[PDB]
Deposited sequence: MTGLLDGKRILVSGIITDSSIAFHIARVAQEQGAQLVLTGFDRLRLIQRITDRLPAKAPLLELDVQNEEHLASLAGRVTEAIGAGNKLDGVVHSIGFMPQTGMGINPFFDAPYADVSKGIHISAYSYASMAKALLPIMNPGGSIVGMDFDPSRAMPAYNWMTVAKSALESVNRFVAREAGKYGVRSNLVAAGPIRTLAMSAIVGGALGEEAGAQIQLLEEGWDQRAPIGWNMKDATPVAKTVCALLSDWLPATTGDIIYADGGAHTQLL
């Protein structure tokens, strides 16, 4: 069997076992993929977390805001997979926005330094990861990022919505670069997933926002099940979406296709 048999795939963004990346990595491993992982803050804790995947996988440090980490990344990855071997797949599952650009804090009170850091990590970094990894990627490869539909404004998401709008633009441009390698670049726009990234009058906004997805989705939406979005990322890492790039696949129960 194995949708990803033989593929060498870099998966970023594991922080907890509820991380979307954790489930992406699990499903990928279940589908015969050979993985390499990157982690940001507390690598020791992440190692214990990543010890719970179905199989072993090298874990490397990557602070996406660090020039040196990015500069060194491709070399460190070739070490881990073996010289003369290249990546078939790259997963960007990283996002951040300071608290000030987030929930109840007034949209207008988020300082640019805070917004800029959010855009760096959640949007720009998608291009910088591509810059680093494209040199060590095989023809027919696949870059996949994580998106939340920013086409309309909403409560609480605030400046992360802007970052995702920026990220979507970046993706279309990465696709132009990636095509030179016969590599695709796409985003998976997920419904809300109960993650540790994801408070009274603001918690009221979040729940109504959440309850909306399952109501609008013709096939429903389960906030506590990360695996349909995991599967969707693997569909795109696979050879079965060979003619789609610079695009957005919506793994959201169909909520975005329905007004109510």
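Asks: Let me make sure I understand the coverage. Which parts of the deposited sequence, in order from the N-terminal end, have no C-alpha coordinates here?
Replies: Comparing the full sequence with the modelled residues, the uncovered ranges come out as 1, 200-207.
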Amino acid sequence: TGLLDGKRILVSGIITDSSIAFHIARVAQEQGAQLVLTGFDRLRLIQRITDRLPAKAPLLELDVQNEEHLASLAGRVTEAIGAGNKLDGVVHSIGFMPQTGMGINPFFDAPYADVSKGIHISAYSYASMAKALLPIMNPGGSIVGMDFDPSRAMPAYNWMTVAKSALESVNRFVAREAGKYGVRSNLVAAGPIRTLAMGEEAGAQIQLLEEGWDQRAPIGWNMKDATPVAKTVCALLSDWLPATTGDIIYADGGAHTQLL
From here on, numbers count along this sequence of modelled residues.
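Asks: Mind pulling up the entry and telling me whether 5-13 or 243-251 has the higher mean Cα temperature factor?
Replies: The recorded data point to 5-13.
Asks: Once you work out the mean C-alpha B-factor for both 71-79 and 181-189 from the entry, which is higher?
Replies: Per the deposited B-factors, the answer is 71-79.
Asks: Highest Cα B-factor in the deposition, which of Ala235, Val229, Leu43, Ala217?
Replies: Going by the entry's C-alpha B-factors, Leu43 comes out highest.
Asks: Just grab whichever of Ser93, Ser142, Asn85, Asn158 has the top CA B-factor as deposited.
Replies: Max CA B-factor in the entry, restricted to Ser93, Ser142, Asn85, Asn158: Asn85.
Asks: Hey, what third does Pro150 fall into on Cα B-factor, ranked over its chain?
Replies: For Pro150, the deposited C-alpha B-factor lands in the lowest third.
Asks: Can you tell me whether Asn138 has a C-alpha B-factor in the lowest, middle or highest third compared with the other modelled residues of the same chain?
Replies: It falls in the middle third of the chain.
Asks: What third of the chain, by the recorded C-alpha B-factor, contains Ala110?
Replies: CA B-factor rank for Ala110: middle third.
Asks: Using the temperature factors of the C-alpha atoms in this entry, rank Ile104 within its chain: lowest, middle or highest third.
Replies: Its C-alpha B-factor, which the entry lists for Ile104, ranks in the highest third among residues of this chain.
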